[PDB]
Structures are given as structure tokens and as C-alpha cells.
4 protein chains.
Amino acid sequence: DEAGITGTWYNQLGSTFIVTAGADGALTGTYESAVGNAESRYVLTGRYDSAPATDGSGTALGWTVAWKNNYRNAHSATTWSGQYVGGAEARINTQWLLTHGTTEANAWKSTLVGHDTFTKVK
Amino acid sequence: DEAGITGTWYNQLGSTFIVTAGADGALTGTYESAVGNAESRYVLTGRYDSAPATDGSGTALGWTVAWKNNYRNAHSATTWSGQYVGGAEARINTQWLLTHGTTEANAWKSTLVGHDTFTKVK
Amino acid sequence: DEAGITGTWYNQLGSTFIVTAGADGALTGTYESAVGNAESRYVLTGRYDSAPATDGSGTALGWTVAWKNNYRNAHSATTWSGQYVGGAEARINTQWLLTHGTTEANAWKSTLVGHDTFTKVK
Amino acid sequence: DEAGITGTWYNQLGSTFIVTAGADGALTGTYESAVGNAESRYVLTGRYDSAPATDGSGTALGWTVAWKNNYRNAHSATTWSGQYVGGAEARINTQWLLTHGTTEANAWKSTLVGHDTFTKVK
Ligand SMILES: [Cl-]
Ligand SMILES: [Cl-]
Ligand SMILES: [Cl-]
Ligand SMILES: [Cl-]
Ligand SMILES: [Cl-]
Ligand SMILES: [Cl-]
Ligand SMILES: [Cl-]
Ligand SMILES: [Cl-]
Ligand SMILES: [Cl-]
Ligand SMILES: [Cl-]
Ligand SMILES: [Cl-]
Ligand SMILES: [Cl-]
Ligand SMILES: [Cl-]
Ligand SMILES: [Cl-]
Ligand SMILES: [Cl-]
Ligand SMILES: [Cl-]
Ligand SMILES: [Rh+]
Ligand SMILES: [Rh+]
Ligand SMILES: [Rh+]
Ligand SMILES: [Rh+]
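The rules behind these values
- In this document, every chain is numbered from 1 following its sequence as written, which may not correspond to the numbering used in the entry; residues for which no coordinates exist are not shown.
- As they are written, the chains are lettered A onward and the ligands numbered 1 onward, keeping that order.
- Computation of side-chain values covers all heavy atoms of the structure but excludes hydrogens and water.
- Should any heavy atoms of two residues lie within 4.5 Å, those residues are considered in contact.
- Once two parts are put together, the accessible area they lose, assessed with a 1.4 Å probe and summed over both, is termed the buried area.
- Here, a salt bridge means any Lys or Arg side-chain nitrogen found within 4 Å of an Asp or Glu carboxyl oxygen.
- Here a polar contact is recorded for every N or O atom pair within 3.5 Å, except that within protein the pair must consist of a potential hydrogen donor and a potential acceptor, and residues adjacent in sequence are included only if both atoms are side-chain atoms.
- Helix and strand labels come from DSSP, where a helix needs a run of H or I of at least four residues and a strand needs a run of E of at least two; each type is numbered from the N terminus.
- Residues were grouped as follows: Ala, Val, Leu, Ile, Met, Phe, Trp, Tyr, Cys and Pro as nonpolar; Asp, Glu, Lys and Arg as charged; and all remaining residues, including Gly, as polar.
- We superpose the copies by least squares, fitting on C-alpha atoms.
- UniProt positions are given in the numbering used here, feature names are shortened, and annotations may be inferred rather than shown by experiment.
- The buried label applies to any residue whose accessible area, calculated with a 1.4 Å probe on protein chains only, is under 20% of its type's maximum; exposed applies above 50%, and partly exposed to all values in between.
- DSSP-based pairing: two strands are paired if at least 2 bridges between them are found.
- Classification of ring pairs uses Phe, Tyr and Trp, with its six-membered ring standing for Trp, and accepts pairs whose centres are within 6.5 Å; under 30 degrees between planes counts as stacked, over 60 as edge-to-face, and the remaining range as tilted.

For this deposition, the record names X-ray crystallography as the technique by which the model was determined and cites 2.400 Å as its resolution.

(A) Region of interest: the interface of chain C and chain B. At the junction of the two partners, chain C supplies 11 residues and chain B supplies 11 residues. Together chain C and chain B conceal approximately 1000 Å² of surface at their shared face, both sides included; 79% is due to carbon and sulfur atoms. Together, C:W108, C:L112 and C:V113 form the three largest contributors to the area buried by chain C at its contact with chain B, with a combined 57%. On inspection of chain C and its partner chain B, the count reaches 0 salt bridges. Along the contact surface separating chain C from chain B lie 2 residue pairs in polar contact. Contributions of two or more residues to the side of chain C that touches chain B are made by β7 (91-100) and β8 (111-119) of chain C. Per-class residue counts for the side of chain C that touches chain B are 8 nonpolar, 2 polar and 1 charged.

(B) Broad picture of the relation of the copies chain C and chain B. Mapping chain C onto chain B leaves a residual RMSD of 0.0 Å; the transformation is a rotation of 180° accompanied by 0.0 Å of translation along its axis. What the superposition gives is, in effect, a two-fold axis relating one chain to the other. Among all residues of chain C, the one whose C-alpha sits closest to the rotation axis is C:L112, at a distance of 2.2 Å. When the interface residues of chain C are mapped onto chain B, 100% of them again fall at the interface, so both copies present the same face.

(C) Here's a closer look at the UniProt feature "binding site: biotin" in chain A. Within this structure's numbering, the places UniProt gives as "binding site: biotin" are A:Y31, A:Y42, A:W80, A:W96 and A:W108. Considering the C-alpha atoms alone, the annotated residues occupy 78 residues of sequence and remain spread out, their largest mutual distance being 26.9 Å. Here A:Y31 lies in strand β3 (residues 26-32). There is a polar contact of 3.2 Å between the side chain of A:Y31 and the side chain of A:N11. Here A:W96 shows up in strand β7 (residues 91-100). The buried category is assigned to A:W96, whose relative accessible area is 5%. Setting aside residues up to four positions removed in sequence, A:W96 forms contacts with A:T78, A:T79, A:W80, A:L112, A:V113, A:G114, A:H115, A:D116, B:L97 and D:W108.

(D) Region of the structure containing the pairing of strand β3 (residues 26-32) of chain D. Residues and elements named next belong to chain D. With 6 bridges joining them, strand β2 (residues 16-21) and β3 adopt antiparallel strand pairing. Directly across from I18, in β3, lies its bridge partner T30. Between the antiparallel neighbours β2 and β3 lie 4 residues, among them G25 with a positive phi of about 120°. Two elements, β3 and strand β4 (residues 42-48), share 6 bridges in a ladder whose sense is antiparallel. In the sheet register, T30 faces β4, and the bridge partner there is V43.

(E) Structural context of the environment of C:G87. Mapped onto the elements of the fold, C:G87 is located in the loop between β6 (73-85) and β7. Take C:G87: its relative accessible area is 61%, and that puts it in the exposed class.

(F) Examining the packing of aromatic side chains more closely. Counted by the stated rule, this structure contains 44 aromatic pairs over all chains. The interplanar angle of 65° and the centroid separation of 5.6 Å between the aromatic rings of B:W63 and B:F118 together place this pair among those described as edge-to-face. With a gap of 55 residues between them, B:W63 in strand β5 (residues 59-68) and B:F118 in strand β8 (residues 111-119) connect regions that are remote in the sequence. The same class applies to B:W63 and to B:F118, which are both buried. Judged by centre distance (6.1 Å) and plane angle (85°), the rings of D:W9 and D:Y84 are edge-to-face.

Structure (C-alpha cells):
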């Protein structure tokens with residue numbers, strides 16, 4: 001799945017996800033969000049199962065983006081957890097956690113949860 | 001917070017989290033889970049806000065572990081999203097998503113959610 | 001939105017969600033899951049904002065199902081949290097938490113997280 | 001566990017959770033949050049497994065609060081999903097989803113995720 005994961009992905013929000021999969025299980029690339037306190041590209045890093053089950057199952061993976069680059073700092077970090085599914089319509093189905101740096105008093109409202117679906121098209 | 005994040009962390013389950021923070025916002029190290037289908041150390045990678053807010057707020061961060069090493073493969077990947085809080089009792093408060101590689105029929109039950117608290121002690 | 005919420009809903013899994021909305025904000029009805037350790041109808045209860053914002057926003061709501069009826073007991077309970085969106089294609093977009101009764105040793109893996117979208121059609 | 005669940009609970013934020021458990025699996029009561037856009041008591045409803053496993057496991061449960069009462073309307077709703085654990089130090093361990101009514105453009109940032117622990121004391 002190293003070949004299938006590597007490339008440019010887009011989600012339902014119009015965000016752009018460019019990633020290279022290493023043979024070891026490494027994930028490296030850049031993320032560009034279409035929404036939120038974000039501008040241009042952001043460094044991402046993550047991991048994936050380099051030897052997934054051969055019974056029609058998807059490939060587990062995850063990656064992190066800290067929302068600080070040369071243009072902005074949203075003092076937050078998102079992690080995507082999900083699986084890559086190959087085939088004619090390859091997808092990456094994820095759920096995500098967005099944690100914002102806060103004081104201890106505001107910790108209870110520091111984390112957003114959501115889900116993205118990434119496709120190779122559009 | 002580069003100095004404060006770098007080092008060995010332990011959670012409420014007795015898991016061991018060893019990480020090096022780069023000046024750029026990079027996170028690299030190894031994870032050892034005390035529970036689940038896991039044995040010995042696993043490669044982790046992640047990101048953190050290298051220039052957090054200076055108003056008593058915590059530092060946002062996240063990291064990924066794919067549960068495959070030389071000993072086992074749980075065909076799953078966990079991402080931790082949360083914040084680092086410094087001070088006399090430094091903590092890393094996280095919430096996590098554990099996605100298991102599954103078929104499309106079993107996708108609905110592929111992801112576990114939970115929370116860990118990491119301390120420098122014990 | 002009392003009229004719009006009341007009725008039969010279906011999700012992406014083919015589950016059936018029948019609910020009555022009270023003028024007070026009450027939600028009552030039955031749930032039938034197409035997947036998992038579940039059979040026939042299950043009692044649901046929940047709440048919704050009976051006076052939502054009039055600026056094109058959705059109506060916040062939530063409901064609980066304990067997976068015990070006269071046929072089975074999965075020793076688990078799901079809560080859906082999300083919003084109702086009206087219009088020609090009325091939807092209920094949710095995220096859910098499925099907690100399974102476990103021992104303290106297995107608490108870390110007791111909770112599933114996911115998302116459902118409910119429509120009036122199909 | 002009907003007797004054990006029924007009563008007044010408090011969480012780590014100092015919120016107050018008063019609930020009556022029905023023999024059928026029903027949960028009814030009021031919630032008072034110590035934080036957020038909330039004031040005084042709010043109606044809650046939920047479900048619990050009335051016949052849990054007798055192997056030292058906890059009792060699965062869930063409840064919903066829509067944050068509208070006679071004093072305020074935060075146009076949001078929280079659902080708690082978790083388990084009740086009996087014994088000398090009875091607890092209710094939960095994870096929660098807080099959905100805010102939003103426009104379709106802001107849907108991605110509509111839901112907060114967190115966790116509360118409820119005890120009978122303090
Ligand atoms: Cl925006
Ligand atoms: Cl802008
Ligand atoms: Cl295998
Ligand atoms: Cl940087
Ligand atoms: Cl185990
Ligand atoms: Cl073992
Ligand atoms: Cl700042
Ligand atoms: Cl490897
Ligand atoms: Cl099934
Ligand atoms: Cl069956
Ligand atoms: Cl309003
Ligand atoms: Cl019953
Ligand atoms: Cl507040
Ligand atoms: Cl106030
Ligand atoms: Cl049983
Ligand atoms: Cl009301
Ligand atoms: Rh969706
Ligand atoms: Rh906890
Ligand atoms: Rh989806
Ligand atoms: Rh906690």
C-alpha cells in the first residue's frame with residue numbers, strides 16, 4: 001500500500017493532503033486546510049501499517065499536523081486516525097482530534113472531534 | 001518547551017513514552033504499551049507547537065504510533081492529540097483515537113477513543 | 001423544528017431511527033441497528049434545543065440507547081451527539097460514543113467512536 | 001445497580017449530576033455545569049443496562065443534556081457515554097461529545113470531545 005498511499009489527497013472540505021509513504025511505515029508530507037485558522041502548507045508526519053492484513057481489510061494509519069508555519073500559528077494540533085482503502089475508488093477514512101493550547105481552566109473545551117474522507121480525485 | 005517535552009513519559013496504564021522534540025516542532029521517539037496487542041517498543045512520530053502562547057496556556061501536540069514492529073502487528077494505529085503543561089508537576093494531557101484495519105462492513109466498529117495523562121514520574 | 005425532527009430516520013448503515021420530539025425539548029422513540037450485537041427495536045431517549053438560533057444554524061440534539069431489550073443484551077450503550085439540519089434534504093449529522101461494560105483492566109478499550117448521518121429517505 | 005446509580009454525582013469540574021435510575025433502564029434527572037455557557041439546572045435523560053454482566057464488569061450507560069433552560073440557551077447538547085463502577089469508591093467514568101448548533105460551513109468545528117469522572121463525594 002506504499003504506492004497507493006503516496007500522492008495527493010483531498011477531503012470533503014477541499015483540504016489538500018500530500019504525503020509520501022516510506023517502506024518502513026513512515027508518513028511525511030504537507031497539509032493545506034481550506035478552513036480554520038490556517039494558511040498555506042503545514043508540515044505533517046505520521047505512521048501506517050506497512051504489512052496490513054490480506055483479507056480485504058484496510059490499512060491503518062495516522063498523522064499529525066501542528067498548525068504553525070511561517071505565516072500563522074493557531075496554537076493547535078490535529079491528529080487524523082483512520083484507514084486507507086484501495087480499489088478503483090481509493091479512500092482514506094479518518095476521524096480526527098483537534099487540540100487547542102489552553103489554560104487549565106479551559107482544558108475541558110480544548111479539543112474538537114470530527115471526521116474526514118480523503119479521495120484522489122477533485 | 002522543547003526541553004520540557006523531551007524525555008521519558010509514563011501514563012496511567014504504565015505505558016512508556018520516550019520522545020525527542022526538535023526545535024522545528026518535530027516529535028520523534030518510541031512508545032511501549034502496557035496493554036493491548038503490543039510488545040516492546042514502537043516507532044512514534046508527531047508534531048508540536050514550537051512557539052506556544054505565553055499566557056499560561058499549554059503547548060499543543062500530537063503523535064502517531066502504528067502498532068507494527070519486529071515482534072507483532074496489531075494492524076492498528078493510535079494518534080494522541082493533546083497539550084503539554086509545564087511547571088513543578090509537568091503533564092501531557094491527551095485524548096486518543098485507535099483505528100483498526102477492517103473491512104468496509106466492519107468500518108463502523110474500527111475505532112476506539114480514550115484519554116491518557118503522561119507524567120515524568122513513576 | 002419539533003415537526004421536522006419527529007418521524008423515521010435512516011443512516012448510512014441502514015439503521016432505523018424513529019423519534020418523537022416534545023415541545024419541551026424531549027426526544028423519545030426506538031432504535032433498530034442494522035449492525036452489531038443488536039436485534040429488533042431498542043428504547044431511546046434524548047434532548048434537543050427547542051429554540052435554536054434563527055441564523056441558518058442547525059438544531060443541537062442528542063440521544064441514548066442502551067443495547068438491552070427483550071431479545072438481547074450487548075451490555076453497552078451508545079450516545080449520539082449532533083445537529084438536525086432542515087431544508088429540502090433534511091439531515092441529522094451525528095458523532096457517537098459506544099461504551100461497553102468492562103472490567104477496570106479493560107476500561108481503556110471500552111469505547112468506540114464513530115459518526116452517522118440520518119436522512120428521511122430510503 | 002439501580003440503587004447505586006441513583007443519587008447525586010460530582011465531576012472533576014465541580015459539576016453536579018442528579019439522576020434517578022428506573023428499573024427498566026431509564027435515566028432521568030438534572031445537570032448543573034460549573035463551566036461553559038450554562039446556568040442553574042438542566043433537564044437530562046438517558047439509558048443504562050439494567051442487567052449488566054456479573055463478572056466484575058461495569059454497567060454501561062449514557063445521558064443527554066440540551067443546554068437550554070429558563071435562564072440560558074447555549075444552542076448546544078452534550079451526551080455522556082461511559083460506565084458505572086460500584087464498590088467502596090463508586091465511580092461513573094465517561095467520555096462526552098458537545099455539539100453546537102452551527103451553519104453547514106462551520107459544521108467541522110461544531111463538536112467538542114472530552115471526559116468526566118463522577119464520584120458520590122465532594
Ligand atoms: Cl473558517
Ligand atoms: Cl482568514
Ligand atoms: Cl495478519
Ligand atoms: Cl515551524
Ligand atoms: Cl490486554
Ligand atoms: Cl500477550
Ligand atoms: Cl500567540
Ligand atoms: Cl516496521
Ligand atoms: Cl455485525
Ligand atoms: Cl446475529
Ligand atoms: Cl439565539
Ligand atoms: Cl429493558
Ligand atoms: Cl467558562
Ligand atoms: Cl457567566
Ligand atoms: Cl451477560
Ligand atoms: Cl426547555
Ligand atoms: Rh460525514
Ligand atoms: Rh481519566
Ligand atoms: Rh462518513
Ligand atoms: Rh482525565
